[PDB]
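So the structure is just underneath, and the comments pick up after that.
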Protein chains: 2
Amino acid sequence: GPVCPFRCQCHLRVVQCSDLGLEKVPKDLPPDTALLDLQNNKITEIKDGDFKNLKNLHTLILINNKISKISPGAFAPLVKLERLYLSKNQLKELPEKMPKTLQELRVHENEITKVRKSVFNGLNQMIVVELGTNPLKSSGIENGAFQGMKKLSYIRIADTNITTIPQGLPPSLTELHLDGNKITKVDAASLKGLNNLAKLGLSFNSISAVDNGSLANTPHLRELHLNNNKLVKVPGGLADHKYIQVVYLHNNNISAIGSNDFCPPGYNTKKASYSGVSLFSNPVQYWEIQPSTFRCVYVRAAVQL
Amino acid sequence: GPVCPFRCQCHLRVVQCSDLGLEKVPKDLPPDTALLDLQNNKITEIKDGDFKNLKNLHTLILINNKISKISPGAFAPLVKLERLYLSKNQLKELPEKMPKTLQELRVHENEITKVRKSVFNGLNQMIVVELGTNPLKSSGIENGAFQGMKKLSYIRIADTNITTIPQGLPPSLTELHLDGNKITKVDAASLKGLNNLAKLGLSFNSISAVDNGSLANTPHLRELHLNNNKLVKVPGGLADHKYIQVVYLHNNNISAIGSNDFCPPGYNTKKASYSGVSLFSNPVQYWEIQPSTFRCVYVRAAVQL
Ligand SMILES: *[C@@H]1O[C@H](CO)[C@@H](O[C@@H]2O[C@H](CO)[C@@H](O)[C@H](O)[C@H]2NC(C)=O)[C@H](O)[C@H]1NC(C)=O
Ligand SMILES: *[C@@H]1O[C@H](CO)[C@@H](O[C@@H]2O[C@H](CO)[C@@H](O)[C@H](O)[C@H]2NC(C)=O)[C@H](O)[C@H]1NC(C)=O
Ligand SMILES: *[C@@H]1O[C@H](CO)[C@@H](O)[C@H](O)[C@H]1NC(C)=O
Ligand SMILES: *[C@@H]1O[C@H](CO)[C@@H](O)[C@H](O)[C@H]1NC(C)=O
Ligand SMILES: *[C@@H]1O[C@H](CO)[C@@H](O)[C@H](O)[C@H]1NC(C)=O
């Protein structure tokens, strides 16, 4: 029957095989296994029949191995897989034919250079994708690459080499994290249709300009992080926007702030109250800003200068 | 109201904060968090208040951070904690006052140089301990250090500088893994009392001698891995042992094999049948072994020369 690899721990539907220097995926594991942890081993590839009889596996952890090659439909048998963690490996591209039940994919710190729309089509359960720390470029991501995922709620591409915000992002998105890349500008086209986006993380990039109408394309944005960039003015549209509440702009090159940069002409009862605004580490000093500039901020501690 | 940290994903009692470069344990997390994943961040230390209100947390993952200091009882508030993974950090010692409910401790790949018995006193729920890849030396391990774990079933100390098998191991142990260290001899005193031991892993060490009566101290041993050592002869006591079934001796310096090395005088129906014996990559050649040497092995394929 089922065998437990020497040194591994097989207890209650869990197969713990971490830190053992394994050179390949062990076979003959208990059929009812629900979580297989192969973290920190020395696996180089996932052959076509590495996961047979693991119909009940919902979590697969392959973090910190040496995987550089994965056979198509290698995860085909994992008909109940919900989490696939492949972070800290040597993947050049994302694997094809991932279980349709997949809810989360993490490929942080690999060698991904290209992202095709083909790899994601059909994945209607995906809610979270993390692609940070990869030598990926904007040209490497196809327009509409994440389009095929009807339920995608969170996407994070951080510490890569992308220079623009990917185009054709799934409208179901509520959080878009692109911190620590090489983005130089925010264009309204890339944010078109993001009706449910609530959080936008663009900190630690090289953004110098934010096109007019960008923020309007994310009508319900609540949190906007643009700190540690190269802005020379507060992005436009904040005064008209009705849902924005947190705007971090510290560590930029803003030297002036108009009286209508955050708040509309007088008082708009329809515009939500700012709960946080950061402006420290910018050329502008508190003494160069009319007090009225923050009239629509009643919580004094909300602004940091 | 509980707050989910920016970029983290908080869903179904699970707080996912991996790969974010966090410099410290986030706070104000959902009181009902069952699992906290802070893997691959830049956390340098765990302060006394870091884990308050996490009374229902059963799993804490701090793997792959830069932790090099932990406050006593810092984990104390984690009264339901069952798993604590501290692997790939910079600990010099094990933490004190760990949740008495703890069933598994993993501290692989750290900088531990000393192991105090005081750390395990009271951990009566602890079933698995992993302390591999540490500069640890035999002098750094107190006698009966793991003595306090009345229920400990598995312990692995691999790839360290220990040269001898720790003394005063809990008799409840079913698995003892000491693969990849610098152990030179197997003394009977160390294995004394281990009546429940079923697996003994000593491969990849510097073992040249196995004291007589060693195996007799592990009467129910089923699997013995002694491959890749410096044995000159097959360890004694195998013929009188009744439970031993797997004996890996490949990759050693054994020059001869007597007729009573594995099998006893005739046929002891009370002795378990071998299912796996490896002797390849040894000075001895297959034609130098007398056929009757494996009389008590009926599944020919079991032996690998
Ligand atoms: C972003 O791209 C640059 C340039 O391709 C990467 O830096 C180079 O990395 C190569 C290895 O692939 C080195 O041999 C070169 O010396 C680097 N070039 C320069 C000009 O420094 C960089 O690693 C990429 N960033 C990420 C996060 O992948
Ligand atoms: C295998 O065992 C033999 C002993 O039969 C080892 O021989 C030793 O060799 C060294 C020189 O390298 C001598 O100084 C010792 O006196 C020898 N030992 C004995 C007991 O005579 C041999 O080195 C071993 N082979 C390996 C690869 O370790
Ligand atoms: C953006 O809005 C500001 C103020 O309404 C305006 O001065 C600027 O010209 C606008 N940008 C463009 C490209 O028209
Ligand atoms: C900030 O803007 C001013 C005026 O445009 C420019 O002189 C200065 O070099 C900028 N600072 C940085 C760090 O780019
Ligand atoms: C063992 O200690 C020595 C110093 O005595 C050191 O050079 C070596 O790296 C250590 N090995 C391990 C596995 O910790």
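Going by the structure tokens order, chains are called A, B, ..., each with residues numbered from 1, while ligands are numbered from 1 in the order shown.
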
Expected selection as number ranges by chain for ligand 5 within 8 Å, only C-alpha atoms and all ligand atoms: B: 133-137, 159-161, 181

Based on the selection just made, write N, CA and C atoms of those residues as a CSV table (one decimal), in the first residue's frame.
```csv
chain,number,residue,atom,x,y,z
B,133,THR,N,21.0,21.2,9.7
B,133,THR,CA,21.7,22.3,9.2
B,133,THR,C,22.0,23.4,10.2
B,134,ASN,N,22.8,23.2,11.2
B,134,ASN,CA,23.1,24.1,12.2
B,134,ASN,C,24.6,23.8,12.6
B,135,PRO,N,25.4,24.8,13.0
B,135,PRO,CA,26.8,24.6,13.3
B,135,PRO,C,26.9,23.7,14.6
B,136,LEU,N,25.8,23.4,15.2
B,136,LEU,CA,25.7,22.6,16.4
B,136,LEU,C,26.7,21.5,16.6
B,137,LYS,N,27.3,21.4,17.8
B,137,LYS,CA,28.3,20.3,18.1
B,137,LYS,C,27.7,19.5,19.3
B,159,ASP,N,23.1,17.2,9.0
B,159,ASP,CA,24.0,18.2,8.5
B,159,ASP,C,24.4,19.2,9.6
B,160,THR,N,24.9,18.6,10.7
B,160,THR,CA,25.4,19.5,11.8
B,160,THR,C,26.8,19.0,12.1
B,161,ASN,N,27.5,19.5,13.1
B,161,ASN,CA,28.8,19.1,13.5
B,161,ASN,C,28.8,18.1,14.6
B,181,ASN,N,25.9,14.0,9.5
B,181,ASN,CA,26.7,14.7,10.5
B,181,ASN,C,28.1,14.2,10.5
```

Set the distance at 8 Å and use only C-alpha atoms: which residues neighbour region 7-13 of chain A once local chain neighbours fewer than 4 positions away are removed? I'd like the list as a ChimeraX atom specification. /A:17-18,20,30,32-35 /B:156,177

Resulting file, chosen residues, N, CA, C and O atoms, as a PDB file, in the first residue's frame:
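As a result, result.pdb now contains:
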```
ATOM      1  N   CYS A  17       7.722  16.498   3.912  1.00  0.00           N
ATOM      2  CA  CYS A  17       9.004  16.033   3.399  1.00  0.00           C
ATOM      3  C   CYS A  17      10.028  17.151   3.215  1.00  0.00           C
ATOM      4  O   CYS A  17      10.949  17.025   2.413  1.00  0.00           O
ATOM      5  N   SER A  18       9.876  18.236   3.960  1.00  0.00           N
ATOM      6  CA  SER A  18      10.783  19.371   3.866  1.00  0.00           C
ATOM      7  C   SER A  18      12.187  19.140   4.409  1.00  0.00           C
ATOM      8  O   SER A  18      12.412  18.262   5.238  1.00  0.00           O
ATOM      9  N   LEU A  20      14.955  17.805   3.248  1.00  0.00           N
ATOM     10  CA  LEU A  20      15.602  16.500   3.146  1.00  0.00           C
ATOM     11  C   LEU A  20      16.551  16.301   1.972  1.00  0.00           C
ATOM     12  O   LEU A  20      17.081  15.207   1.784  1.00  0.00           O
ATOM     13  N   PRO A  30       0.353   8.221   0.382  1.00  0.00           N
ATOM     14  CA  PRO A  30      -1.024   7.884   0.758  1.00  0.00           C
ATOM     15  C   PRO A  30      -2.004   8.578  -0.183  1.00  0.00           C
ATOM     16  O   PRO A  30      -1.881   9.772  -0.447  1.00  0.00           O
ATOM     17  N   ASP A  32      -5.015   9.529   0.260  1.00  0.00           N
ATOM     18  CA  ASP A  32      -5.846  10.580   0.832  1.00  0.00           C
ATOM     19  C   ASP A  32      -5.105  11.868   1.177  1.00  0.00           C
ATOM     20  O   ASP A  32      -5.697  12.793   1.727  1.00  0.00           O
ATOM     21  N   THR A  33      -3.821  11.933   0.838  1.00  0.00           N
ATOM     22  CA  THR A  33      -3.010  13.111   1.140  1.00  0.00           C
ATOM     23  C   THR A  33      -3.686  14.379   0.660  1.00  0.00           C
ATOM     24  O   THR A  33      -4.128  14.460  -0.482  1.00  0.00           O
ATOM     25  N   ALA A  34      -3.766  15.363   1.547  1.00  0.00           N
ATOM     26  CA  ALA A  34      -4.406  16.630   1.231  1.00  0.00           C
ATOM     27  C   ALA A  34      -3.409  17.780   1.124  1.00  0.00           C
ATOM     28  O   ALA A  34      -3.679  18.783   0.472  1.00  0.00           O
ATOM     29  N   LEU A  35      -2.274  17.649   1.800  1.00  0.00           N
ATOM     30  CA  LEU A  35      -1.236  18.673   1.768  1.00  0.00           C
ATOM     31  C   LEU A  35       0.088  17.947   1.661  1.00  0.00           C
ATOM     32  O   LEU A  35       0.387  17.071   2.475  1.00  0.00           O
TER      33      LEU A  35
ATOM     34  N   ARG B 156      15.062  14.729  14.195  1.00  0.00           N
ATOM     35  CA  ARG B 156      16.062  14.700  13.146  1.00  0.00           C
ATOM     36  C   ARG B 156      17.056  15.822  13.348  1.00  0.00           C
ATOM     37  O   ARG B 156      16.683  16.974  13.467  1.00  0.00           O
ATOM     38  N   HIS B 177      16.730  10.336  13.325  1.00  0.00           N
ATOM     39  CA  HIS B 177      17.465  10.604  12.097  1.00  0.00           C
ATOM     40  C   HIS B 177      18.675  11.475  12.348  1.00  0.00           C
ATOM     41  O   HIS B 177      18.542  12.634  12.722  1.00  0.00           O
TER      42      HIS B 177
END
```

Of the listed residues B:51, B:75, B:274, B:154, that which approaches chain A most closely, counting only C-alpha atoms: B:154

Grab me every residue within 10 Å of ligand 2, counting only C-alpha atoms and all ligand atoms, and send it over as a ChimeraX atom specification. /B:206,208,229-233,251-255,282-283

Based on DSSP run over this structure's backbone, return all residues of region 38-252 of chain B in alpha helix (DSSP H), as a ChimeraX atom specification. /B:188-191

Compute the set of chain A residues within 10 Å of chain B, using only C-alpha atoms, and express it as a VMD selection string. chain A and resid 6 to 9 18 to 20 40 64 87 to 88 106 108 to 109 128 130 to 133 154 to 156 158 to 159 175 to 179 199 to 201 223 225

Could you pull out the strand (DSSP E or B) residues of region 7-69 of chain A, going by DSSP on the backbone, and write them as a PyMOL selection string? chain A and resi 9-11+14-16+35-37+45-46+59-61+69

The selected residues should be written to file as a short mmCIF file (atom, residue, chain, number, x, y, z; two decimals), in the first residue's frame (atoms: N, CA, C and O atoms).
```cif
data_model
loop_
_atom_site.label_atom_id
_atom_site.label_comp_id
_atom_site.auth_asym_id
_atom_site.auth_seq_id
_atom_site.Cartn_x
_atom_site.Cartn_y
_atom_site.Cartn_z
N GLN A 9 7.48 12.86 7.26
CA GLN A 9 6.50 12.64 8.29
C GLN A 9 5.14 12.61 7.60
O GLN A 9 4.74 13.57 6.95
N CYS A 10 4.45 11.49 7.72
CA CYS A 10 3.14 11.32 7.11
C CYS A 10 2.12 11.19 8.24
O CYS A 10 1.96 10.13 8.83
N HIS A 11 1.43 12.28 8.54
CA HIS A 11 0.47 12.29 9.63
C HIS A 11 -0.80 13.05 9.28
O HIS A 11 -0.76 14.22 8.88
N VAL A 14 -1.35 14.62 5.85
CA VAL A 14 -0.28 15.57 5.57
C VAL A 14 1.03 14.83 5.37
O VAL A 14 1.39 13.94 6.15
N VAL A 15 1.73 15.17 4.30
CA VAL A 15 3.01 14.56 4.01
C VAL A 15 4.05 15.66 4.09
O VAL A 15 4.13 16.52 3.21
N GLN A 16 4.82 15.63 5.17
CA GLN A 16 5.86 16.61 5.44
C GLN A 16 7.21 16.05 5.05
O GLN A 16 7.78 15.21 5.76
N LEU A 35 -2.27 17.65 1.80
CA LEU A 35 -1.24 18.67 1.77
C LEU A 35 0.09 17.95 1.66
O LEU A 35 0.39 17.07 2.47
N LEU A 36 0.85 18.29 0.63
CA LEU A 36 2.16 17.69 0.39
C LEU A 36 3.17 18.84 0.41
O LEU A 36 3.13 19.73 -0.43
N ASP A 37 4.06 18.80 1.40
CA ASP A 37 5.08 19.82 1.59
C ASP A 37 6.44 19.28 1.16
O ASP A 37 7.02 18.45 1.86
N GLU A 45 12.99 18.74 -11.63
CA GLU A 45 11.87 18.72 -12.56
C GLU A 45 10.69 17.91 -12.06
O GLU A 45 10.83 17.06 -11.18
N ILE A 46 9.53 18.19 -12.62
CA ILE A 46 8.31 17.49 -12.27
C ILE A 46 7.88 16.71 -13.51
O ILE A 46 7.32 17.26 -14.45
N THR A 59 -3.32 21.23 -1.50
CA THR A 59 -2.19 22.13 -1.34
C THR A 59 -0.87 21.45 -1.69
O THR A 59 -0.54 20.40 -1.15
N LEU A 60 -0.12 22.06 -2.60
CA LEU A 60 1.17 21.51 -3.01
C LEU A 60 2.25 22.56 -2.80
O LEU A 60 2.21 23.64 -3.39
N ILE A 61 3.22 22.26 -1.94
CA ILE A 61 4.28 23.22 -1.65
C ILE A 61 5.61 22.75 -2.23
O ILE A 61 6.20 21.77 -1.76
N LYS A 69 12.10 22.76 -14.91
CA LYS A 69 11.29 22.17 -15.97
C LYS A 69 10.07 21.42 -15.42
O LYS A 69 10.18 20.64 -14.48
#
```

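Within 12 Å of residue 265 (chain A), once only C-alpha atoms are used and residues closer than 5 positions along the same chain are dropped, the contacting residues are residues 239, 240, 258, 259, 260, 271, 292, 293, 294, 295 and 296 of chain A.
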
Contacts of residue 104 (chain A) at 10 Å or less, counting only C-alpha atoms, minus same-chain residues fewer than 5 places along, as a PyMOL selection string? chain A and resi 59+81-85+125-130+152+154

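Near ligand 3, the residues found within 12 Å are residues 187, 188, 209, 210, 211, 212, 213, 214, 215, 216, 233, 234, 235, 236, 237, 238, 239, 240, 258, 259, 260, 261, 262 and 264 of chain A (criterion computed using only C-alpha atoms and all ligand atoms).
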
Quick one: pull the distance between CA of residue 98 (chain B) and CA of residue 21 (chain A), Å, one decimal. 28.1 Å

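Checking A:1, A:219, A:26, A:180 one by one against ligand 1, counting only C-alpha atoms and all ligand atoms, you find the shortest gap at A:180.
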
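Closest approach to ligand 1 among A:123, A:112, A:284, A:297: A:112, based on only C-alpha atoms and all ligand atoms.
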